[PDB]
Amino acid sequence: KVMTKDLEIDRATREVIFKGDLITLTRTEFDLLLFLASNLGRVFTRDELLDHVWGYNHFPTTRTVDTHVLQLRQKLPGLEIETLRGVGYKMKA
Amino acid sequence: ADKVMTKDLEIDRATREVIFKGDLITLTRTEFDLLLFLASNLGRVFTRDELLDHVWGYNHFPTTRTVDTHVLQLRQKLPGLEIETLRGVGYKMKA
């Protein structure tokens, strides 16, 4: 079982006890709760939590945007898309 | 009317053809959609979240906003749950 101050979680059954009460969570709520509770004290980005809880490669993410920009660059050599590190992209001309 | 023209680049939105430096370029549908969007919005910076919505479609699939709302749902169902919101970054469970 996974234990925190307030939680007793059974990975096998989707069962959650919170401060003694049995709480009904959806499957995705459970996955998010278990992931955080299994990694106490650690900060996860919103992008990372989407990946870890909803899974990889089921739908487009911000990573997909980056990959598509790189593919455009390879197919159109010299394409004037500028990278703003930590933000996004701008086509110059 | 069908065309968007930028440096070295001709895009026809009706035939979905791209001519770059004199060569026809074979693109996937989403590569084309991204290129056409950027080429139609020269000089403008977009974040990755914005390009996701503008090019892949808004509210079509889970995003970081869905993460935010799920954290709120957990805090409602588990009153007092010790999830810390790191604004603009992510989340942490303290203990």
# chains A, B, ... in the order shown; residues from 1 in each chain; ligands from 1
call {"tool": "interface_residues", "arguments": {"of": "chain A", "to": "chain B", "cutoff": "9 Å", "atoms": "only C-alpha atoms", "output": "PyMOL selection string"}}
result
chain A and resi 4-7+18-19+23-25+28-30+32-33+36-37+39-50+53-54+59-66+68-69+71-72+75-77+79-82+84+86-93
call {"tool": "atom_distance", "arguments": {"atom1": "atom CA of residue 22 of chain B", "atom2": "atom CA of residue 1 of chain B"}}
result
20.1 Å
call {"tool": "select_by_dssp", "arguments": {"residues": "chain B", "states": "strand (DSSP E)", "output": "MDAnalysis selection string"}}
result
chainID B and resid 3:6 9:12 17:20 23:25 45:47 83:86 90:93
call {"tool": "write_last_selection", "arguments": {"atoms": "N, CA, C and O atoms", "output": "CSV table (one decimal), in the first residue's frame"}}
result
chain,number,residue,atom,x,y,z
B,3,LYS,N,-3.7,31.3,-51.7
B,3,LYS,CA,-2.3,31.3,-51.5
B,3,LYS,C,-1.8,32.2,-50.3
B,3,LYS,O,-2.4,33.2,-50.1
B,4,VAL,N,-0.8,31.7,-49.6
B,4,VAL,CA,-0.1,32.5,-48.6
B,4,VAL,C,1.4,32.5,-49.1
B,4,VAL,O,1.9,31.4,-49.3
B,5,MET,N,2.0,33.6,-49.2
B,5,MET,CA,3.3,33.8,-49.8
B,5,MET,C,4.2,34.4,-48.7
B,5,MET,O,3.9,35.5,-48.3
B,6,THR,N,5.3,33.8,-48.4
B,6,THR,CA,6.4,34.3,-47.5
B,6,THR,C,7.7,34.0,-48.2
B,6,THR,O,7.8,33.4,-49.3
B,9,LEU,N,8.6,30.7,-49.8
B,9,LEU,CA,7.5,29.8,-49.5
B,9,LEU,C,6.2,30.2,-50.2
B,9,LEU,O,5.8,31.3,-50.0
B,10,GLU,N,5.6,29.2,-50.8
B,10,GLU,CA,4.3,29.4,-51.4
B,10,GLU,C,3.4,28.3,-50.9
B,10,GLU,O,3.7,27.1,-51.1
B,11,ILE,N,2.3,28.6,-50.3
B,11,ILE,CA,1.3,27.6,-49.7
B,11,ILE,C,0.0,27.8,-50.3
B,11,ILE,O,-0.6,29.0,-50.3
B,12,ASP,N,-0.6,26.8,-50.9
B,12,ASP,CA,-1.9,26.8,-51.4
B,12,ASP,C,-2.8,26.1,-50.4
B,12,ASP,O,-2.7,24.9,-50.2
B,17,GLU,N,-0.8,22.3,-51.0
B,17,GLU,CA,0.6,22.1,-51.6
B,17,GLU,C,1.5,23.2,-51.1
B,17,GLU,O,1.1,24.4,-50.9
B,18,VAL,N,2.8,22.8,-50.8
B,18,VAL,CA,3.8,23.7,-50.3
B,18,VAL,C,5.0,23.7,-51.3
B,18,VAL,O,5.5,22.6,-51.6
B,19,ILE,N,5.3,24.8,-51.8
B,19,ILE,CA,6.5,25.0,-52.6
B,19,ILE,C,7.5,25.8,-51.9
B,19,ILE,O,7.2,27.0,-51.5
B,20,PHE,N,8.7,25.3,-51.5
B,20,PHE,CA,9.7,25.9,-50.8
B,20,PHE,C,11.0,25.9,-51.6
B,20,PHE,O,11.4,24.8,-52.0
B,23,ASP,N,10.8,23.7,-54.7
B,23,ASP,CA,10.5,22.3,-54.6
B,23,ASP,C,9.2,22.1,-53.9
B,23,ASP,O,8.9,22.7,-52.9
B,24,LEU,N,8.4,21.2,-54.5
B,24,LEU,CA,7.2,20.8,-53.8
B,24,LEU,C,7.6,19.9,-52.6
B,24,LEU,O,8.4,19.0,-52.7
B,25,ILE,N,7.0,20.2,-51.4
B,25,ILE,CA,7.4,19.6,-50.2
B,25,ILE,C,6.2,18.8,-49.7
B,25,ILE,O,5.1,19.3,-49.5
B,45,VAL,N,4.7,35.9,-31.8
B,45,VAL,CA,5.1,34.8,-31.0
B,45,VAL,C,3.9,34.1,-30.5
B,45,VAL,O,2.9,34.7,-30.0
B,46,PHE,N,3.9,32.7,-30.5
B,46,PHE,CA,2.9,31.9,-29.9
B,46,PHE,C,3.6,30.9,-28.9
B,46,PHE,O,4.7,30.4,-29.2
B,47,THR,N,2.9,30.6,-27.8
B,47,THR,CA,3.4,29.6,-26.9
B,47,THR,C,3.0,28.2,-27.5
B,47,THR,O,2.2,28.1,-28.4
B,83,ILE,N,-1.8,19.1,-1.3
B,83,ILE,CA,-1.2,19.3,-2.6
B,83,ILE,C,-0.9,20.8,-2.7
B,83,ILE,O,-1.8,21.7,-2.4
B,84,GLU,N,0.4,21.1,-2.9
B,84,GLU,CA,0.8,22.5,-3.1
B,84,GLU,C,0.8,22.9,-4.6
B,84,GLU,O,1.3,22.1,-5.5
B,85,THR,N,0.1,24.0,-4.9
B,85,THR,CA,0.1,24.5,-6.2
B,85,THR,C,1.3,25.4,-6.4
B,85,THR,O,1.4,26.5,-5.7
B,86,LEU,N,2.2,25.1,-7.3
B,86,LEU,CA,3.3,26.0,-7.7
B,86,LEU,C,2.8,26.7,-8.9
B,86,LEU,O,2.8,26.1,-10.0
B,90,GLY,N,3.6,23.8,-11.7
B,90,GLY,CA,3.1,22.4,-11.4
B,90,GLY,C,2.6,22.2,-10.0
B,90,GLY,O,2.1,23.2,-9.4
B,91,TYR,N,2.8,21.0,-9.5
B,91,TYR,CA,2.2,20.6,-8.2
B,91,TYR,C,3.1,19.7,-7.5
B,91,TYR,O,4.0,19.0,-8.1
B,92,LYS,N,3.0,19.6,-6.2
B,92,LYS,CA,3.7,18.8,-5.3
B,92,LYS,C,2.8,18.4,-4.1
B,92,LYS,O,2.1,19.2,-3.6
B,93,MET,N,2.9,17.1,-3.7
B,93,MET,CA,2.3,16.6,-2.5
B,93,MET,C,3.4,16.6,-1.4
B,93,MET,O,4.5,16.0,-1.6
